[PDB]
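In the block that follows, a single chain appears as structure tokens, in the form deposited in one PDB entry.
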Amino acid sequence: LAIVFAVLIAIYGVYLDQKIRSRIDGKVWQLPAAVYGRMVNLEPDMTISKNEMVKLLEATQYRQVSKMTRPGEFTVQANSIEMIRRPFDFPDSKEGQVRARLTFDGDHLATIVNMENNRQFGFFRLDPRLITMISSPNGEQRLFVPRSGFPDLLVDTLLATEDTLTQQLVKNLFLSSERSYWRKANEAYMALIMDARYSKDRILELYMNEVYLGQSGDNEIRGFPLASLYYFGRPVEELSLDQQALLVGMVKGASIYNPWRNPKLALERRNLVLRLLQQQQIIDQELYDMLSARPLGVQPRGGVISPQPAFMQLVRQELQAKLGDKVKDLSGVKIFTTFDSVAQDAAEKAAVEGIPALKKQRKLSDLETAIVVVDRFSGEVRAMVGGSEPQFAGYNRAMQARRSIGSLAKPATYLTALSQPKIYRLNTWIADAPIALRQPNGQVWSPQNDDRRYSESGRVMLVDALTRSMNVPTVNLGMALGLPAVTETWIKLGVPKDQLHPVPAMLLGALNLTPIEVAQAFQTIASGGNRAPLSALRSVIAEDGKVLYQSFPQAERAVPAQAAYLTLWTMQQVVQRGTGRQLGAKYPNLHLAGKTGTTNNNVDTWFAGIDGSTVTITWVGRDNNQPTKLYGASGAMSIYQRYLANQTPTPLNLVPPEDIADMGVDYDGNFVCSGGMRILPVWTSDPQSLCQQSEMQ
């Protein structure tokens, strides 16, 4: 003939159907790991407000409305909130939409009701915000969604504009781009092998998770799902039509139709797509003119290349330690972190506004800052700020900046003393006179009080000593207990052993830590003496639902509860009438426990603040170690009081442990069985400590 040619293109035909088998049956992409924040459970009589609740919802992608029609929305009432808790695939159970009314009375959430059965919820799951994605070596970022996850609507917006789909599809996942006619043939040929072997229903599952729709550095953003988030901040399913249009309009043009870069060309493309469905039955003139009028593109406005960079450092670090290298191999990995968006916003805000207000107020060139927030009892890390400009960064001062803590070291000592309830109490009289301290060579160490003065009487109760952050008595104290012990306390609060150089000055701050290390130390005390090893990770779950890693309470008794109690109580004095008295004046009803830090020549300032739920380490200083001109620890307090004012802190109600009892002491500081001018908590099962003190006579 020769019709031999037709024998070859057919046997060629079955070779491309044997290639599409290996491709689509199973592994279509190496899907990068998804990173989600904390999964919060709301509960009857939970200690949360309606206002708080708004912020929380709003921080986890929910949108206030007047009347509510799609998932991820909420409407506020005078004592209640109605909301549609979005479908989410929780490790504990997959779940769907749920319409629920949260009802409030005071500080507590009273009930939580399903609005289809008017039945209560014992507990109610709130889906975690998607924080970020990690890249694939490949450098293509998608987010797999079932075809049924896309509204049938968006599909029709897709179709009405683009269907030659099974045609497009193949090229992207299979062939090069615009290399020859030679390939378009391949395409048309494959394009009917596909539409033959795999159903229409499945095709646009594979399509809508392949389409290149945006850019973030050197990784291509592909997939309707992920684009929705990227550009707007909501799942494709919750996309309004103006947004879906932008998406569907962008399928052709992925950079020239980019909104960030060119509004005109982006808007001009969308308003075209808004009229591409007007010929179509779906759109009625009344709608079209309105949608086009509604400026479709929701601008943060940011590129959002590397989100939560500081926090992620830790996460990435924690993936490595608990799962080695063989995470990257795996596809469709779901990683659940301890991250807290409300705490984070509050943190980032508090930096961004705090720092310039402290340069301006004090007239500075540079002033950097770091904030680390972790669960009082769990150690779970809820927020982390590495610098004054925390959105965009490569240096994380929460984790890398190792700066002497100065004062941030005083309670190690007191807790050490206060662990001995037979000998040291809060009313124990420490000496407040001039010290001199020969070392091997050459000097004689002679630490002065902050004010360079000394207590008229020659002494000070231990309770006031710490409250005031008085140095002299603190060295007198430590040098009586001995540096090895003060060092043992540091080891047990969980500070990096290599860091402790047990020499007198450590007592006052010769100790360099990173905010996160200090976060650990003060956690251990905040929890009443259980050290809980900090972490970012709640779990790591595979695509086939399968647990690769799960965290579990690994907390450890580090110091006596009574000792932590007493020490913590004292740090409530620190904030109420001592070194942090300025916060205590602002938030008296918090009864915050905390402690101030100041290095010499004001290079570093700390504040360390415990409320009923968190511990918040706040550091402020200069990268170049120069003086900060910031008199006192206030500098970093001014950030902390910013932070507290951004979120809704939990007031600190210390529950005294066993063998605590409030006793009276006289002006001379000896206990009294009735009366006394000053009531102090004491570690005794039997408080006749006082009788035996009263026999002084």
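The first residue of the sequence shown is number 1, and the count goes up from there.
FYI, the form deposited with a partner chain bound isn't displayed, but the following is about it.
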Option touching its partner chain, based on a heavy atom within 4.5 Å in the entry with it bound, out of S613, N271, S539, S240: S240
Contacting member of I282, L548, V98, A357, with respect to its partner chain in the entry with it bound [4.5 Å, heavy atom]: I282
Candidate spot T69, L287 and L291, all three touching its partner chain in the entry with it bound (heavy atom, 4.5 Å): yes
Among 217-225, 386-394, 373-381, 274-282, the region lying within 4.5 Å of its partner chain in the entry with it bound by heavy atom distance: 274-282
Partner proximity in the entry with it bound: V503 to its partner chain, non-hydrogen atom cutoff 4.5 Å: no
In the entry with it bound, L153 touching its partner chain (heavy atom, 4.5 Å): yes
